[PDB]
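> Questions regarding the structure given below will be posed in turn.
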Amino acid sequence: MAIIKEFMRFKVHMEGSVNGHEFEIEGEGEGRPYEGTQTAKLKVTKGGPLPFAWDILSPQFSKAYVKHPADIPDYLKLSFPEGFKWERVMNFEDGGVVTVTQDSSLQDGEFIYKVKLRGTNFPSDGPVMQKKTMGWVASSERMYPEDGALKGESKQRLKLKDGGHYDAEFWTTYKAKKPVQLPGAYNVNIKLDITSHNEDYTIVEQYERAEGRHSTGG
């Protein structure tokens with residue numbers, strides 16, 4: 001609680017490929033870990049302009065910034081200064097798949113995020129490779145402890161330019177680098193917004209608000 005201050009910055013580096021197109025992204029963000037809010041400014045540094053929808057990348061750029069009530073152990077804040085790692089699978093309803101691995105650490109008073117991403121099997125005709133998505137609907141991640149780690153599962157939904165939707169299921173495992181106290185089951189409500197971007201999405205800003213609450217599930 002002297003480690004995680006009420007205002008904290010972070011730096012993120014992502015390396016990945018989607019349908020074999022390789023790219024890199026570098027960004028910096030800031031927020032209020034106890035209030036559950038944060039912003040990030042991302043820049044594509046290789047592989048730009050991306051030939052696919054920014055939205056499949058936006059959820060990978062920070063769960064030290066989730067507001068927790070006092071009776072739910074904040075495992076990810078407790079993992080610092082060593083930090084934690086996470087691995088995620090996103091299965092989309094048209095067969096697209098994204099797998100992500102991430103390492104979070106704290107260096108010189110800022111969080112450092114390193115992300116690796118592989119998106120595969122997206123249809124050339126689908127909304128991801130045709131850039132038809134329009135942001136994620138607000139969602140809720142169901143959290144539970146298992147095998148010494150914190151797991152989260154959620155149904156997610158992208159809005160589309162044609163007024164329709166495009167659904168996905170997310171599975172994530174979060175593991176502290178030292179044994180710290182795990183919570184029971186609970187829900188994390190999340191709203192993730194793209195607050196501005198340039199025309200080809202090589203420069204993007206995001207905002208996220210996340211808060212944990214007891215199930216059953218408002």
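Naming scheme: A, B, ... for chains in displayed order of the structure tokens; residues 1 onward per chain; ligands 1 onward as shown.
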Select from range 7-177 of chain A everything DSSP, run on the backbone, classes as strand (DSSP E), then give the selection as an NGL selection string.

:A and (8-18 or 21-32 or 37-46 or 84-92 or 97-107 or 110-120 or 133-136 or 139-146 or 149-160 or 165-176)

> Write out, as a tab-separated table, each residue of range 105-207 of chain A that has an atom at most 8 Å from range 17-21 of chain A, together with the closest pair of atoms and their distance in Å to one decimal, counting only C-alpha atoms, rows going by chain and rising number.


```
residue	atom	partner	partner_atom	distance
A:117	CA	A:17	CA	6.5
A:118	CA	A:17	CA	5.2
A:119	CA	A:18	CA	4.2
A:120	CA	A:19	CA	4.9
A:121	CA	A:19	CA	6.5
A:122	CA	A:19	CA	6.7
```

> Please produce an output containing N, CA, C and O atoms for each residue in the selection, written as a compact mmCIF listing (two decimals), in the first residue's frame.


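Result file follows (selection-v8.txt):
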```txt
# COMPACT_ATOMS: atom_id res chain seq x y z
N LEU A 117 1.23 -11.56 -28.43
CA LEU A 117 -0.14 -11.87 -28.91
C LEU A 117 -0.08 -12.62 -30.24
O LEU A 117 0.75 -12.29 -31.08
N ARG A 118 -0.97 -13.59 -30.40
CA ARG A 118 -1.05 -14.31 -31.68
C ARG A 118 -2.53 -14.49 -32.05
O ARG A 118 -3.24 -15.17 -31.31
N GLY A 119 -2.94 -13.82 -33.11
CA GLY A 119 -4.32 -13.95 -33.60
C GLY A 119 -4.28 -14.80 -34.86
O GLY A 119 -3.39 -14.63 -35.70
N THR A 120 -5.22 -15.75 -34.98
CA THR A 120 -5.13 -16.69 -36.09
C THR A 120 -6.54 -17.06 -36.53
O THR A 120 -7.50 -16.90 -35.77
N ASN A 121 -6.65 -17.53 -37.77
CA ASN A 121 -7.89 -18.14 -38.26
C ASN A 121 -9.02 -17.15 -38.37
O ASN A 121 -10.20 -17.54 -38.35
N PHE A 122 -8.72 -15.85 -38.45
CA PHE A 122 -9.84 -14.93 -38.68
C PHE A 122 -10.23 -14.96 -40.16
O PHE A 122 -9.37 -14.80 -41.02
```

> Give the answer as one residue: which of A:31, A:186, A:115, A:173 has the shortest atom-to-atom distance to residue 215 in chain A, using only C-alpha atoms?

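Closest candidate: A:186.
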
> Smallest atom-to-atom distance to residue 111 in chain A: which of A:47, A:184, A:33, A:164, using only C-alpha atoms?

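Closest residue, counting only C-alpha atoms: A:33.
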
> Could you check which of A:73, A:109, A:81, A:123 is closest to residue 97 in chain A, using only C-alpha atoms?

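So, comparing all the options, the nearest one is A:123.
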
> Got a sec: who's within 10 Å of residue 154 in chain A, counting only C-alpha atoms, leaving out chain neighbours fewer than 3 positions off, as JSON, numbers by chain?

{"A": [90, 139, 140, 141, 142, 143, 157, 168, 169, 170, 171, 172, 187, 188]}

> Could you name the residues that touch residue 149 in chain A at 9 Å or less, counting only C-alpha atoms, but leaving out those on the same chain fewer than 3 positions away, as an MDAnalysis selection string?

chainID A and resid 144:146 173:176 182

> Between A:150, A:180, A:25, A:204, which has the minimum distance to residue 87 in chain A (counting only C-alpha atoms)?

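Counting only C-alpha atoms, the residue closest to residue 87 in chain A is A:150.
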